[PDB]
Structures are given as C-alpha cells and as structure tokens.
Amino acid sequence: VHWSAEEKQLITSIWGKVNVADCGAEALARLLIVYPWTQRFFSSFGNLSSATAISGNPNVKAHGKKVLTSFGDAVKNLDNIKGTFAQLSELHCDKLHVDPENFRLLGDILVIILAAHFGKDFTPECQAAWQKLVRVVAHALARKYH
C-alpha cells in the first residue's frame, strides 16, 4: 500500500474530528443489526434481540468505542498497519474465528457511519481514502492465513 499526501490529509482530518464514542457505538450496532450472524460472536454482551436493544446495549456501546479507537491506531501510522494489527489478527482469527469477509462488512459500515456524521464533507475522494483504509486494516487482520 502507498499513501499520497492527499489521502493522508483526508484520513487524518476526519479522524481528528470524528466523535469516536458515538460513531464507534453506531458502527458496531449497525454491524449487529444489518448482518445479524455477527451477533453469534458477542453472546457475552447480553441483550441483542432487537435493533433498539442492540443500540442501547452498554456493552455494545463500550466495545464500539474500542473498535473505532483501534481504527485510530491505523490512522496514526498508515505505513505500519500490518504490525499494528498483528496481535488483533491472532485474536480475531485463531481465537474467535471471525471470517475475514466480516472485516469487509464492518469497514463498509464504518464508511456509511462517517458519511452520515460528516455529510457533504465526506466527498467521493474522502470515501475513496477511507475505503482504502478499512481495506488495508481488514487485510492486516486477515494475515494469519495466507
């Protein structure tokens, strides 16, 4: 992966300004609502039995914040994403057995969440840069395979 000055600016600016708590909670809730098989991995989180329940679930909300904070670790060193996600890759692959397609789905959800948060400031170029970022992150998490 190569990052242009323009891509770095688009990524860093959105990160600085994003509400990490609210957008992280939103991304996780939407993953669980839109793609409900993902609920299987979160059975310790309690009530996931409705969209309302998922969105109000304090464990979902707190975990969502952790997740977007972790995407923040990608932002902070864009040329070291592989290393940043090595330990998380062991977790998600070897321990939790999450198929990598779900990393793609969460990336797509995050893009939609950012689009909602930023409106027209989330230009097509901004979208391009962020979809590139979530794809790089997903690639780094799906390593302990191939």
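All residue numbers refer to positions in the sequence shown, first residue = 1.
Engineer: Check the entry's C-alpha temperature factors for 84 to 92 and 32 to 40, then say which stretch has the higher mean.
Structural biologist: Higher mean C-alpha B-factor in the PDB entry: 84 to 92.
Engineer: Which wins on mean Cα temperature factor, 46 to 54 or 95 to 103?
Structural biologist: If you average the C-alpha B-factors of 46 to 54 and of 95 to 103, the larger mean comes out for 46 to 54.
Engineer: Which of these has the highest Cα B-factor in the record: 66, 117, 120, 61?
Structural biologist: Spelled out: the listed residue with the top C-alpha B-factor is 61.
Engineer: Once the chain's modelled residues are ordered by C-alpha B factor and cut into thirds, is residue 127 in the lowest, middle or highest one?
Structural biologist: Its C-alpha B-factor, which the entry lists for residue 127, ranks in the lowest third among residues of this chain.
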